[PDB]
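Each chain gets a letter, A, B and so on, in the order its sequence line appears, and its residues count up from 1. In what follows, every heavy atom counts, from backbone to side chain, and hydrogens, waters and symmetry copies are set aside.
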Amino acid sequence: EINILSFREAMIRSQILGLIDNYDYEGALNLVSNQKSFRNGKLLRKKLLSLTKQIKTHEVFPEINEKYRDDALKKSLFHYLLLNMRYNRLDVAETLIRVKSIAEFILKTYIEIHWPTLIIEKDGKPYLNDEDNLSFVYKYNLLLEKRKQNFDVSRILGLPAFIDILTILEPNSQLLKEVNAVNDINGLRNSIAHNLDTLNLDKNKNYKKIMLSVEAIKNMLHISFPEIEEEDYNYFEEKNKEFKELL
Amino acid sequence: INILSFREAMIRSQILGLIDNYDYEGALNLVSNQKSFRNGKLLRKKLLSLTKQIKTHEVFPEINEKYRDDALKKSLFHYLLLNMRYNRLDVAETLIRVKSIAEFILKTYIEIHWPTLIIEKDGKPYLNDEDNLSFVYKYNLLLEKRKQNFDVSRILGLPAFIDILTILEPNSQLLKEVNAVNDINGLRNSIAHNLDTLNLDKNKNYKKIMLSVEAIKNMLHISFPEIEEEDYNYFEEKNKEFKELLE
């Protein structure tokens with residue numbers, strides 16, 4: 001009568017622990033959703049559901065959104081948190097694809113904070129401000145020339161451009177060294193994201209390269225946003241601790 | 001009944017629910033710890049293979065066995081992943097991936113029908129402007145009308161593939177279908193490159209995203225008419241197999 005329900009409930013509790021350990025919040029919700037008298041069930045369901053929704057729609061976690069004011073900080077940190085969570089569960093193709101856009105976002109954001117007016121945003125895309133001084137543009141032209149490219153003020157800025165801009169404005173920036181781990185997976189990422197190839201982790205030191213690109217993002221965050229509190233880099237661990245206390 | 005029998009039946013129903021939501025990794029998690037679970041070894045093996053194939057973008061064996069053409073297989077496989085994540089309401093991820101699949105389909109078509117038009121450098125597509133001066137002239141006129149300048153150093157993406165087809169084959173059924181994918185380009189930029197939150201209820205984003213996914217399916221029917229209709233529903237078929245092991 002009650003022995004059966006006690007067994008079922010204790011077993012579900014351990015199952016949810018395993019799933020939560022693998023960041024499978026939607027599966028955990030699935031196991032608890034129909035359980036009537038389960039202790040902390042309502043709060044558990046609410047928290048698992050809001051978390052799954054935040055991940056699916058790329059909504060910054062409420063704790064983060066409430067603690068910090070800078071929108072670029074919050075987005076960078078949030079997408080790092082998702083990135084590291086995907087790596088930790090070995091969603092490796094997804095990790096490989098996302099890392100470059102995060103790196104690009106951090107560098108763009110960094111430049112826009114420290115040299116505002118250098119870059120302008122038009123229709124959601126970054127470009128050199130056409131009001132920029134020839135002193136800057138001349139050096140940039142020289143860097144493009146090393147890269148076998150011509151100067152075009154109307155061209156959309158991408159990762160190579162951000163690296164060149166930073167090379168001119170702050171050549172000692174540690175960002176310029178951290179980004180190399182992101183460049184090292186560029187061809188692999190092209191292969192997976194655009195040519196739809198299989199990711200062979202056991203070839204070309206890919207396990208290691210992908211890991212190092214994720215660590216590179218974390219290091220870039222420490223450099224660009226030193227005001228991020230260290231505990232917020234461990235959001236998922238903290239969240240799993242909270243879930244364990246409810247169970 | 002034997003407690004083991006009660007545990008086995010409970011796990012059986014839990015796994016069926018997880019499978020029904022395409023949570024194969026969670027299903028694996030629940031069955032992995034069960035030693036004497038009927039067909040447990042075969043299930044564990046099958047769920048692991050599927051999980052790994054999804055994580056590394058390895059074409060499913062059944063697809064690899066039924067179909068011969070590499071581009072067909074990659075296109076269909078990535079549509080299957082796209083639609084499976086979309087069915088799970090991973091809408092931001094869906095929005096990001098749909099464009100790359102459409103680009104792959106058009107690029108494949110262009111490389112068959114105008115093989116000298118695109119030159120591939122380090123796995124990336126670029127307009128071969130030296131061999132195709134008549135095309136380059138028309139393409140430049142097209143960009144010039146849009147107050148955009150022609151830039152041979154740019155990697156070709158969906159807008160360029162669409163322009164290529166508009167010039168070379170304006171009657172294309174592919175060109176009609178891909179418009180729904182072009183329509184989510186700015187939204188995708190916002191989510192993928194600016195790290196914004198996806199608000200499905202704004203500007204009927206939900207509709208736009210649905211139409212982009214259907215566009216891929218229509219394009220596959222155009223390019224690869226030999227794909228059997230049931231293969232667009234791989235996961236349903238796969239779940240049937242799992243259900244037979246769980247009976």
Between the CG atom in B:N149 and the CG atom in A:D152, the distance rounded to the nearest 0.5 Å is 4.5 Å
In this structure, OG1 of B:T51 is separated from CG of A:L90 (nearest 0.5 Å) by 11.5 Å
Bottom line for B:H78: the part with an atom under 4.5 Å from chain A's heavy atoms is side chain
For B:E93 and A:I55 the tightest heavy-atom approach is OE2-O, 3.8 Å
So, the part of B:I96 with a heavy atom under 4.5 Å from chain A: the answer is side chain
Given B:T197, B:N199, B:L198, the one with more heavy-atom pairs under 4.5 angstrom with chain A than any other is B:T197
Ordered numerically, the heavy-atom neighbours of chain B under 4.5 Å found in residues 61-69 of chain A are none
Applying a strict 4.5 Å limit to non-hydrogen atoms, the region of B:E103 in contact with chain A is side chain
So side chain to side chain donor-acceptor pair (under 3.5 Å) across residues 202-211 of chain A, not counting sequence neighbours, yields none
Applying side chain to side chain contact (heavy atoms under 4.5 Å, CB included) to A:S50 and not counting sequence neighbours gives A:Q54
Quick one, A:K56 and B:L200 - any side-chain contact, counting heavy atoms below 4.5 Å? no
Interatomic distance, CD1@B:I105 vs CG@A:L196, rounded to 0.5 Å, equals 8.5 Å
Distance col, row A:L96:CG vs B:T56:OG1, nearest 0.5 angstrom, shows 11.5 Å
Under 4.5 Å to a heavy atom of chain A? For B:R88 that would be both
Whatever's closer than 4.5 Å to a heavy atom in chain A on B:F77 counts as neither
Turns out that what part of B:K99 lies under 4.5 Å from chain A's heavy atoms comes down to neither
Side-chain donor-acceptor pairs of residues 12-20 of chain A under 3.5 Å, sequence neighbours excluded:
| from | atom 1 | to | atom 2 | distance (Å) |
| --- | --- | --- | --- | --- |
| A:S14 | OG | A:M11 | O | 2.8 |
| A:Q15 | OE1 | B:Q14 | NE2 | 2.7 |
| A:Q15 | NE2 | B:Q14 | OE1 | 2.8 |

Inset, instruction - Report yes if some heavy atom in the side chain of B:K74 is under 4.5 Å from a heavy atom in the side chain of A:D197; otherwise report no. - result: yes
Counting heavy-atom pairs under 4.5 Å with chain A, the top scorer among B:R85, B:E25, B:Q148 is B:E25
Here the pair of heavy atoms bringing B:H57 nearest to A:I192 is ND1-CG2, 3.9 Å
- Query: Yes or no on side chain to side chain donor-acceptor pair (under 3.5 Å) for B:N21 and A:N30, after CA distance, side-chain angles and deciding distance?
  - Reply: CA-CA 9 Å; B:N21 290 123; A:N30 187 329; 3.0 Å; yes
Okay, B:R7 and chain A: the region with an atom under 4.5 Å from a heavy atom over there is both
Requested in this report: May I ask you to test the B:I155-A:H194 pair for a side-chain heavy-atom distance under 4.5 Å?
Outcome: no
Bottom line for B:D122: the part with an atom under 4.5 Å from chain A's heavy atoms is backbone
